[PDB]
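Observations on the three-dimensional arrangement
If you want the building blocks of each chain, they are given just below.
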Amino acid sequence: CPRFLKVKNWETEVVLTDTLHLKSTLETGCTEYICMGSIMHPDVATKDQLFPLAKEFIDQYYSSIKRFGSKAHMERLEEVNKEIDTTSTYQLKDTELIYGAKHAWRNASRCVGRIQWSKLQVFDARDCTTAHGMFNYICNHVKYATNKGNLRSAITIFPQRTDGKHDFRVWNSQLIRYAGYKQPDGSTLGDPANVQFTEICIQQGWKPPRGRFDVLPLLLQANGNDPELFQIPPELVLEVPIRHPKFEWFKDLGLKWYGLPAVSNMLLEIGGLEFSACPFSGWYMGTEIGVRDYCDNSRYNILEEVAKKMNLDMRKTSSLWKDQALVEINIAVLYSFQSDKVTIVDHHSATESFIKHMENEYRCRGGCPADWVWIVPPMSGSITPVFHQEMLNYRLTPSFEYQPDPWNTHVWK
Amino acid sequence: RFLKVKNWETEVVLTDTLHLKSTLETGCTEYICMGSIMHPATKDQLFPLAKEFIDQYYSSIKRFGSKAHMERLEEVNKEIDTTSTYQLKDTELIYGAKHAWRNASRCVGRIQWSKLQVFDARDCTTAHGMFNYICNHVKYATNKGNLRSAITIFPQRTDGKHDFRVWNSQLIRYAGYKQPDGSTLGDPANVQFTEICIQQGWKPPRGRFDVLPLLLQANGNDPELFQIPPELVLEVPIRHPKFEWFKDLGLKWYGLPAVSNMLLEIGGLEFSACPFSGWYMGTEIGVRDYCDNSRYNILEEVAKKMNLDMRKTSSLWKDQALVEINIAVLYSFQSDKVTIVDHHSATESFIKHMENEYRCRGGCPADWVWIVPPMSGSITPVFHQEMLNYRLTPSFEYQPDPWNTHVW
Ligand code: HEM
Ligand code: HEM
Ligand SMILES: C=NCc1cncc(OCc2ccc3ccc(N)nc3c2)c1
Ligand SMILES: C=NCc1cncc(OCc2ccc3ccc(N)nc3c2)c1
Ligand SMILES: C=NCc1cncc(OCc2ccc3ccc(N)nc3c2)c1
Ligand SMILES: C[C@H](O)[C@H](O)[C@H]1CNc2nc(N)[nH]c(=O)c2N1
Ligand SMILES: C[C@H](O)[C@H](O)[C@H]1CNc2nc(N)[nH]c(=O)c2N1
Ligand SMILES: [Zn+2]
């Protein structure tokens, strides 16, 4: 690897220099002969594997607090080593846990919202032992993060992996999501994305209302036990009915969405330790709801209906009726959230903030790994500043990782 | 190893074997992906490259290992010994040009790849000859609005001191003028080129849509100015099908996209001058050409005329104006019977193309960063399509601008 790699912004001519890539820890999937940057995704750590991953993290932490090579640094390394030697794992100090969580977010290449990385409330739930305990922790997370519409980013971290047979898992992909029900006639009610998980909930005992926007129950696995169902108290679930500033008929579509995006199926990796349940939340970029949740063909797929109500010629694709409808839907989303005073960010604001954040990272940190395929919004790409921004993608640690869906691996008791 | 790509919208899975053929580097390493970086001989070097090309040619016509195949390699070998290079047969030239387009990972238009009219201009010796060849290209490709794909291939590079070069980045572009008051008249992308034309004696009308003259370099010599005959330059006035005030914006564009600044590589040989042309995808004009900040930058003016609330970005006034401009562009070309493809149809065609390529070829190198249109990305099928990018040859490569190399 060369020491300096330069990126160019083709709109502003600004050139940044990256050195941070030298600390790349994992493989990307790409090789010198093939690029995999648009592939979506391209038994525990032994003692000897864990030692260097821990020292790498501990070093980085003490380097961050400007106490590298100190007595405290050396003493901590020594204590960590003893733990691994005699227990095959180790426990993070609170300060370290908070640092690592913030950094996994800071290192999340695919995240456009990372200007906020250092303001993250970290809830330490490593004392949890049961699914009921998990539910309590998760409810407290939702209430705090929701904050009556004034959303605050947060993560709740459950006990790390031990032997791999005692994993804590949130089976939900997000804390709050809508059910999908496949009908005998092939149609789908609710969100098609969630059909499989909804079925599982039903099998585990959930009585489904069978509506369009039914908040799914939590399915919570503690200590490797069978997962358990819990109903999130409805008063903790903030929702926004969607309407349009001009189109008075838009409200008649009966749409709404939840205010809190809380991803809960990812794995947090700190100094070799694996936190298999670590639900985190921020706030939405409008396009997540307006473009993806509503207009993806395999989701709510409302483009046609909105277009029909707009009386657009839907005969040629070249009338751009889809594109026209797409904008109005996204306008409704932003307007509906802002009117109800629920935190949301539009794609222009988010991408402009991210460019500023990225430049600051290049200047203070020596770079900022970024995944262009993900950073660029799913609408109006080239009229956002990130479209023209060259980015370098690479994997720093601590990090958020994908993990298999738990129902594919769970050993039923 | 075999590689799979999935479309997450349709769940279709393709298997890629073709990438096992590539020999060129992509820019990425195991530890760093550079997918969003815009730009990441000798007798000894030459022959292997030639062999590989000749080999795939004789393979493509089902005569791999034939007597003709062997004789050709031997012929190519002597010719490299005795002249330090070699010349392609006409058949090879055509096969190579079509394959460079086929292998062009960034091109969404590739379903058309084998419908390419190849003009052999390797007998050209002067800028005047270049101008004649280029006019013929333009007239044939334009075809009164029924655009037809074409490429004109000027002599290959020899010693590097005698390069043929089209100094224009496209055969047809509009001038850009650096105004006293700091602003820019016409097209900002071409400001530098325009000054060069002026510096070489071009008399600029100083309008907003002045067709630049051709600036042509033959056999390493100084470039020379030529005005394309105006009757050869098809243009479309932009109007809107609902907003009658749109035509008052005074916007037009040219019909023929004719990229003239790339390098065509075949069997080790380098063709530094190979103007090629197709037809436009509407977004090229309506999104990038009209709405980039460093381009015509008209979003404000349109949004003004649409009486949108431009005070907050979260009103999406930019996005709204963006769609209207792209409606106009498609409408205008269509009404003038000038070939154009909308980004929905273009992307659909490309998905169909990929399926074809995987089926008949074992893969299709594709650059998602470039294939996904610059607006309404996720409501086109390509957004949800996993692609593998890799470099096959023959290929189109980038080259330095000639005013950074040429000595006068
Ligand atoms: C505070 C406001 C935030 C905004 C506006 C934001 C925005 C986004 C968006 C738009 C995406 C792309 C999602 C998609 O299209 O599917 C994303 C991805 C991601 N975000 Fe953020 N985010 C925020 C907070 C956070 C926080 C608090 C974390 C973790 C602590 C986080 C970690 C991630 C990760 C790991 C991904 C990639 C997930 C994947 O690979 O599938 N983000 N973010
Ligand atoms: C026939 C209709 C065609 C359509 C609709 C089309 C469309 C496109 C578009 C939209 C791009 C992206 C350009 C940009 O956004 O700046 C592109 C790239 C490209 N096209 Fe095509 N194209 C066509 C024909 C051709 C032909 C005839 C050739 C060559 C013989 C070709 C070779 C290329 C190459 C090499 C690139 C990538 C340029 C680069 O790497 O910077 N295309 N095409
Ligand atoms: C299901 N699609 C792929 C996927 C997988 N696993 C997690 C995903 O979440 C994306 C994601 C992650 C974190 C986010 C934080 C805030 C926010 N507004 N969106 C966010 C979106 C997406
Ligand atoms: C450039 N001349 C020297 C040279 C260098 N490197 C390779 C060479 O091979 C010549 C050559 C000639 C005929 C061939 C026929 C078949 C074949 N497989 N290789 C063949 C190779 C010759
Ligand atoms: C400005 N973007 C970078 C760039 C530089 N140099 C050449 C480029 O070519 C873009 C390109 C290439 C071939 C095309 C063929 C047809 C078409 N409609 N557009 C096409 C657009 C692009
Ligand atoms: C195939 C492709 O990688 C996939 O559809 C990606 C593209 N870019 C994306 N970008 C974001 N922000 N979110 C996504 O889900 C995706 N999906
Ligand atoms: C940073 C990035 O590589 C650059 O802006 C690219 C992005 N994608 C693109 N895609 C297309 N089709 N054309 C372009 O010029 C670009 N520019
Ligand atoms: Zn890559």
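About the thresholds
Residues numbered from 1 in each chain as written, not as in the entry; some residues may be left out. Chains lettered and ligands numbered in written order. Heavy atoms only, no water. Contact = heavy atoms within 4.5 Å. Buried area = accessible area lost by both parts, 1.4 Å probe. Salt bridge = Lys/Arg side-chain N within 4 Å of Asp/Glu carboxyl O. Polar contact = N/O pair within 3.5 Å; in protein donor to acceptor, adjacent residues only side chain to side chain. Helix = DSSP H or I, 4+ residues; strand = E, 2+ residues; numbered from the N terminus. Nonpolar A, V, L, I, M, F, W, Y, C, P; charged D, E, K, R; others polar. Near = heavy atom within 4 Å. Domains from an automatic or database assignment. Donors = N, O, S within 2.8 Å, 3.2 Å for Na, K, Ca; no water. Tetrahedral: all angles 85-135°; square planar, octahedral: opposite > 155°, others 65-115°. Buried < 20%, exposed > 50% of the residue type's maximum accessible area, 1.4 Å probe, protein only. Areas by Shrake-Rupley, 256 points an atom, 1.4 Å probe, with all protein chains shown as cover. Core = buried A, V, L, I, M, F, W, Y, C linked by side-chain atoms within 4.5 Å. Pairing = 2+ DSSP bridges. Axes fitted to C-alpha atoms, helices over the stretch in contact; angles between N-to-C directions. Parallel < 35°, antiparallel > 145°, perpendicular 65-115°, else oblique. Left-handed = near helix turned anticlockwise from the far one by under 90°. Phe/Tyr/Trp six-rings, centres within 6.5 Å; stacked < 30°, edge-to-face > 60°. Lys NZ or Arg CZ within 6 Å of the ring centre and 35° of its normal.

Per the deposited record, determination of this structure is attributed to X-ray crystallography, with the resolution reported as 2.200 Å.

Contacts between chain B and chain A engage 65 residues on the former and 67 residues on the latter. Both faces considered, chain B and chain A share a buried interface measuring about 5400 Å² in area, 61% of it formed by carbon and sulfur atoms. Scanning the region where chain B abuts chain A turns up zero salt bridges. Applying the counting rule to chain B against chain A returns 29 residue pairs in polar contact. Taken together, the elements giving at least two residues each to the side of chain B that touches chain A come down to β1 (3-6), α6 (282-291), α8 (317-335), α9 (343-361) and α10 (368-371) of chain B. A class-by-class count of the residues in the side of chain B that touches chain A yields 28 nonpolar, 25 polar and 12 charged.

Residue and element names in this part refer to chain B. Lining the immediate environment of ligand 2, one finds 18 residues, of which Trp101, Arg106, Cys107, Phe276 and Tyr398 sit closest. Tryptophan 101 places a side-chain nitrogen or oxygen 3.2 Å from a nitrogen atom of ligand 2. The contact in question runs from an oxygen atom of ligand 2 to an N or O atom on the side chain of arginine 106, over 3.5 Å. When the residues that make up the shell around ligand 2 are grouped by side-chain class, the tally is 12 nonpolar, four polar and two charged. No fewer than three residues from each of domain 1 (16-122 + 149-159 + 263-277 + 347-371) and domain 3 (235-257 + 280-345) sit in the shell around ligand 2.

Attention now moves to the coordination of the zinc ion (ligand 8). Protein ligation of the zinc ion (ligand 8) involves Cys30 of chain A (SG), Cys35 of chain A (SG), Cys28 of chain B (SG) and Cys33 of chain B (SG), the donor distances falling in the range 2.3 to 2.4 Å. If you look at the zinc ion (ligand 8), its four donor atoms make angles of 102 to 119° with each other, and the shape they trace is tetrahedral. One end of the pair, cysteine 35 of chain A, is in the loop between β2 (15-18) and α1 (47-64); the other, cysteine 33 of chain B, is in the loop between β2 (13-16) and α1 (43-60), on a second chain. Classification of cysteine 35 of chain A by relative accessible area gives buried; the value is 10%.

Let's shift gears to the site of ligand 6. Taken together, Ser38, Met40, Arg292, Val373 and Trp374 of chain A together with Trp368, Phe383, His384, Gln385 and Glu386 of chain B form the complete shell of residues around ligand 6. Ligand 6 is flanked by residues contributed from chains A and B. Here a nitrogen atom of ligand 6 sits 3.1 Å away from a polar atom, N or O, in the main chain of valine 373 of chain A. Relative to its unbound accessible surface of 400 Å², ligand 6 loses 86% to contact with the protein. Looking at the shell around ligand 6 residue by residue, the class counts come to five nonpolar, three polar and two charged.

All names here are of chain B. For chain B, the assigned domains are domain 1 (16-122 + 149-159 + 263-277 + 347-371), domain 2 (123-148 + 163-234 + 398-402) and domain 3 (235-257 + 280-345). Using C-alpha coordinates to define each centre, domain 1 is positioned 27 Å away from domain 2. Between domain 1 and domain 2, the residue contacts involve 22 residues of the former and 17 residues of the latter. In terms of surface lost to domain 2, no three residues of domain 1 exceed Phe154, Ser272 and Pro275, which account for 27% of the buried area on that side. Applying the counting criterion to the domain 1 and domain 2 interface returns one salt bridge. The interface formed by domain 1 and domain 2 includes nine residue pairs in polar contact. Sorting the residues of the side of domain 1 that touches domain 2 by element identifies β3 (117-120), β4 (150-153) and β15 (276-277) as the ones contributing at least two each. Its residues assigned to classes, the side of domain 1 that touches domain 2 comprises 12 nonpolar, six polar and four charged.

Before going further, it helps to spend a moment on the nonpolar core. Counting 123 residues, the largest nonpolar core has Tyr294 of chain A together with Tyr290 of chain B as the members making the most contacts within it. Not counting residues up to four positions away in its chain, the partners in contact with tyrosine 290 of chain B are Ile238, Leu251, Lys252, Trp253, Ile285, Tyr296, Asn297, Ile298, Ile325 and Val329 of chain B. Grouped together as the second largest cluster of nonpolar side chains are 57 residues, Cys30, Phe387 and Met391 of chain A together with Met34 of chain B included.

Residues and elements named next belong to chain A. Taking strand neighbours across the sheet as the criterion, the three strands line up as β14-β13-β18 in an open arrangement whose pairing is antiparallel. Looking along the sheet, the strands with just one partner apiece sit at the ends: β14 (273-275) and β18 (399-401). Pairwise comparison of adjacent strand axes, ignoring direction, gives a mean angle of 30° for this sheet. The sheet contact formed by strand β13 (residues 267-270) and β18 spans three bridges and is antiparallel. Bridged to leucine 268 within β18 is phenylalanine 400.

Our next topic: the environment of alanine 189 of chain B. Topologically, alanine 189 of chain B is positioned in the loop between β7 (184-186) and α5 (191-199). Ignoring anything within four residues of it in the chain, the contact list for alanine 189 of chain B reads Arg173, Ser294 and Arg295 of chain B.

No protein donor other than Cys107 of chain B (SG) coordinates the iron atom of ligand 2, and that contact is at 2.4 Å. Mapped onto the fold, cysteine 107 of chain B is located in the loop between α3 (90-102) and β3.

A cis amide bond links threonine 397 of chain A with the next residue in sequence, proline 398 of chain A, at an omega value of 0°. Take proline 398 of chain A: it is sitting in the loop between α10 (372-375) and β18. Put simply, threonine 393 of chain B and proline 394 of chain B share a cis peptide bond, and its omega is 0°. Within the secondary structure layout, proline 394 of chain B lies in the loop between α10 and β18 (395-397). Phi at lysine 148 of chain A takes a positive value of approximately 65°, unusual for a residue other than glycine. Mapped onto the secondary structure, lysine 148 of chain A falls in the loop between α4 (131-146) and β4 (154-157). Given the relative accessible area of 81%, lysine 148 of chain A is considered exposed. Although it is not a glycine, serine 376 of chain B adopts a positive phi angle of roughly 50°. Its place among the elements puts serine 376 of chain B in the loop between α10 and β18.

Let's shift gears to the environment of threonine 194 of chain B. All names here are of chain B. Considering the arrangement of structural elements, one finds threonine 194 in helix α5. Take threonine 194: its relative accessible area is 1%, and that puts it in the buried class. Once residues within four sequence positions are removed from consideration, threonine 194 is found in contact with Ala175, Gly176, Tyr177, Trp202 and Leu212.

It is worth spelling out the sheet that holds strand β8 (residues 214-217) of chain B at this point. All names here are of chain B. Read across the sheet, three strands follow the order β5-β8-β9 without closing on themselves; strand pairing throughout is antiparallel. Sheet topology places β5 (165-166) and β9 (224-226) at the edges, where each strand pairs with a single neighbour. Where β5 meets β8, two bridges bridge the pair, whose relative direction is antiparallel. From the neighbouring strand, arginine 165 faces β8, where its bridge partner is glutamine 217. Its contacts with the sheet put helix α4 (residues 127-142) on β5, β8 and β9, and the angle it makes with β8 is roughly 130°.

To continue, consider the packing of α1 of chain B against helix α2 (residues 67-83) of chain B. For any two helices packed against each other, the geometry comes down to the angle between their axes and how far apart the axes lie. All names here are of chain B. At a closest axis distance of 10 Å, the pairing of α1 and α2 adopts a crossing angle of 160°. In terms of orientation, α1 and α2 fall into the roughly antiparallel class. Of the two elements, α1 crosses α2, and the hand of that crossing is right-handed. Residues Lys43, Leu46, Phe47, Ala50, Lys51, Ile54, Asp55 and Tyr58 of α1 touch α2, and the partners they reach there are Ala68, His69, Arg72, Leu73, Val76, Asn77, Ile80 and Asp81. Of the residues assigned to the contact of α1 with α2, the class counts are nine nonpolar, two polar and five charged.

We now examine the packing of aromatic side chains. Applying the stated criterion across every chain yields a total of 44 aromatic pairs over all chains. Ring plane angle 45° and centroid distance 6.4 Å describe the contact between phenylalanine 197 of chain A and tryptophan 407 of chain A, whose orientation is recorded as tilted. Of this pair, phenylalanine 197 of chain A sits in helix α5 (residues 195-203) while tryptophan 407 of chain A sits in the segment after β18, placing them 210 residues apart in sequence. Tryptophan 407 of chain A matches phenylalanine 197 of chain A in its accessibility class, with the two residues each being buried. Relative to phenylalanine 209 of chain B, the ring of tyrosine 174 of chain B lies with its centre 5.0 Å away and its plane at 80°, an arrangement referred to as edge-to-face. Taken together, the residues span a long stretch of sequence, with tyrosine 174 of chain B in the loop between β5 and β6 (176-178) and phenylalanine 209 of chain B in the loop between α5 and β8 at a distance of 35 residues. Both residues of the pair, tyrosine 174 of chain B and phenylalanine 209 of chain B, count as buried. Among the aromatic residues, those joined into a cluster by ring pairs are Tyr178, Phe213, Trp257, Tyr258, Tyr284, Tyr294 and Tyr300 of chain A. The ring of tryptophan 10 of chain A carries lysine 8 of chain A above its face, with NZ or CZ at 3.8 Å from the centroid. Positioned over the ring face of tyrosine 140 of chain B is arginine 148 of chain B, at 3.7 Å from the centre of the ring.

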